[PDB]
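Peer 1: Provide a 3D model corresponding to the input given below.
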Amino acid sequence: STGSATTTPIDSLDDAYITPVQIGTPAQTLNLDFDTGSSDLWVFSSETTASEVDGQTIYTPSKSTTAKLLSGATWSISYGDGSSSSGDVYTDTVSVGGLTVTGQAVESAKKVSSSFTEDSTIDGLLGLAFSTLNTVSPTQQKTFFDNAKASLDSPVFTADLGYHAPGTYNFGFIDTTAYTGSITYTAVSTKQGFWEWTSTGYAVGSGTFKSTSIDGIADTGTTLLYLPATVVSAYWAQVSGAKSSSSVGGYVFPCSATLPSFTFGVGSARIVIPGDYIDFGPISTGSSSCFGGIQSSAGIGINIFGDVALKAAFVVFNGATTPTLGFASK
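Peer 2: Numbering: from 1, shown residues only. Below you will find the coordinate block:
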């Protein structure tokens, strides 16, 4: 089997992407944030504290003839940005882009943090990291991908995120029309439960490529590109007037600037992030200070190849017995 679904930016900055997901019988369609940095499929629901729901579409398990309470199971997750959610668990039928999993754990939120409430466009998350990170207790549950894997034509999914435009998540096949040149594959460590890999270096603009190993995670659920302070300083030093602002929480730059591109290495191959992808706009409405899309990972504890990086590529998440990651230009 295969599946193919369009993923759409939630706003004009590509802060996140939502993908429609069918849950239950009859189908209830919710727009979920597909997150290769976590492993829980959780939704706003009829059980979510009323004051914490503000515009989201909710899953109502009592209206699904295939929903079953997973007795005694609870979940609770905290994300790298300090947001969180928790609740109980149902199993139900879940379909993405024509691909159906029966008996998928659907984690129903009883509580969500303010960042989730305040984002009316995101109805929940669909985790696509390794199932070892799943938070359901006392019986850990499998991701949608893990459940689908054996049925898929090939045990893979791909992320093709757009810049200020829709893109695609495919399951079970590689669309050879969706990228240019060849796909370069690179080793993955699953030791921390992430799609963790090692970039071979970087360049700033038209500058020379610096060969250096950068361990990090391919994370569709993180907006920006978080890299070591040395690398990030070298990038912003090429933008007149750019500076790190402790008050704002990162590098800012004059909105009048033209940003250089940023290249990252994948083996001997190179992925080029155009300068415009690194512009996250005014820090506040009407400001002439703009927020940068490349930020320091210092104090995160891990480098994160988030959407800024991934949207410059066609990315293969290969879930074969020994997982790997593939990147192609597009």
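Peer 1: domain map for this protein?
Peer 2: For the chain, curated CATH domains gives the domain ranges 5-174, 175-330.
Peer 1: using a markdown table, lay out the ones you listed together with mean neighbour count.
Peer 2: To be clear about C-beta, it is placed using only N, CA and C from the backbone, and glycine gets the same treatment. Formatted as a markdown table, the domains of the chain follow (neighbours: other CB atoms under 10 Å):
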| stretch | mean neighbour count |
| --- | --- |
| domain 5-174 | 19 |
| domain 175-330 | 18 |
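Peer 1: just read off the phi/psi values of residue 281.
Peer 2: In terms of degrees, to the nearest 10, the main-chain angles of residue 281 are phi 80, psi -180.
Peer 1: ugh, wrong one, I meant residue 52
Peer 2: The phi/psi pair for residue 52 (degrees, to the nearest 10) reads phi -100, psi 0.
Peer 1: hmm, it is touching residue 110, no?
Peer 2: No: counting by CB atoms under 8 Å, residue 52 does not reach residue 110; the two are 9.1 Å apart.
Peer 1: gap between the helix or strand where residue 4 lies and the chain center?
Peer 2: Element membership of residue 4 [criterion: DSSP states H and E] is strand 3-9. Relative to its chain's centre, strand 3-9 lies at 13 Å (CA atoms, centre = their mean, to the nearest Å).
Peer 1: kindly report the same for stretch 199-208.
Peer 2: 24 Å.
Peer 1: endpoints of that stretch, how far apart?
Peer 2: Using CA to CA, to the nearest Å, the end-to-end distance of stretch 199-208 comes to 16 Å.
Peer 1: tell me the angle the helix or strand where residue 20 lies makes with strand 3-9.
Peer 2: According to DSSP H and E, residue 20 maps onto strand 17-23. For strand 17-23 against strand 3-9, the angle by axes from the mean of the first three to the mean of the last three CA atoms, to 10 degrees is 140 degrees.
Peer 1: adjacent strands (with direction) for strand 17-23?
Peer 2: Sheet pairing of strand 17-23 (DSSP bridges) gives strand 3-9 (antiparallel), strand 28-35 (antiparallel), strand 84-96 (antiparallel).
Peer 1: identify the residues contacting the shortest one?
Peer 2: Outside strand 3-9, the residues within contact range by CB atoms under 8 Å, 6 or more residues apart in numbering are 15-21, 34, 95-99, 148, 159, 161-162, 164-172.
Peer 1: next secondary structure element downstream of the lengthiest helix in the chain?
Peer 2: Scanning the chain for the longest helix, with DSSP state H as the assignment, gives helix 229-236. Once helix 229-236 ends, the next helix or strand along the chain (criterion: DSSP H and E) is strand 243-245.
Peer 1: what is that following strand packed up against?
Peer 2: The contact analysis (3 or more CB pairs under 8 Å, 6 or more residues apart in numbering; DSSP states H and E) places strand 243-245 against strand 250-254.
Peer 1: centre of the chain to the strand it packs on, how far?
Peer 2: In terms of CA atoms, centre = their mean, the centre of strand 250-254 is found 23 Å from the chain centre.
Peer 1: kindly export the strand holding residue 4 (C-alpha atoms) in CSV.
Peer 2: The C-alpha coordinates for strand 3-9 follow below in CSV (Å, rounded to 0.1, in the frame of the first residue of the first chain):
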residue,chain,number,x,y,z
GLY,A,3,-0.5,7.0,0.9
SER,A,4,0.0,10.6,-0.3
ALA,A,5,-1.2,13.7,1.4
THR,A,6,-0.7,17.4,0.9
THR,A,7,0.8,19.4,3.7
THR,A,8,0.0,23.2,4.0
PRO,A,9,1.8,26.0,5.8
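Peer 1: change the start of the numbering to 57 and stick with it
Peer 2: Yes, from this point I'll number from 57; that puts the last item at strand 59-65.
Peer 1: residues in contact with the closest residue to residue 58 other than its chain neighbours?
Peer 2: Once flanking residues are discounted, residue 58 sits nearest to residue 228: 3.8 Å by CB to CB, 6 or more residues apart in numbering. Counting by CB under 8 Å, 6+ apart, residue 228 touches 57, 58, 59, 155, 204, 208, 209, 210, 211, 212, 213.
Peer 1: check residue 256 too.
Peer 2: 267, 268, 269, 270, 321, 322, 323, 324.
Peer 1: my guess is the second one contacts residue 258, does it?
Peer 2: Yes: look at residue 268 against residue 258 with CB under 8 Å: they come within range, at 7.4 Å.
Peer 1: gap between the nearest residue to residue 354 once chain neighbours are set aside and residue 350?
Peer 2: The spatially closest residue to residue 354, leaving aside those adjacent along the chain, is residue 285, at 4.8 Å (CB to CB, 6+ apart). Going from residue 285 to residue 350 by CB to CB, to the nearest Å gives 11 Å.
Peer 1: go on, residue 158?
Peer 2: On the measure of CB to CB, residue 158 and residue 350 end up 42 Å apart.
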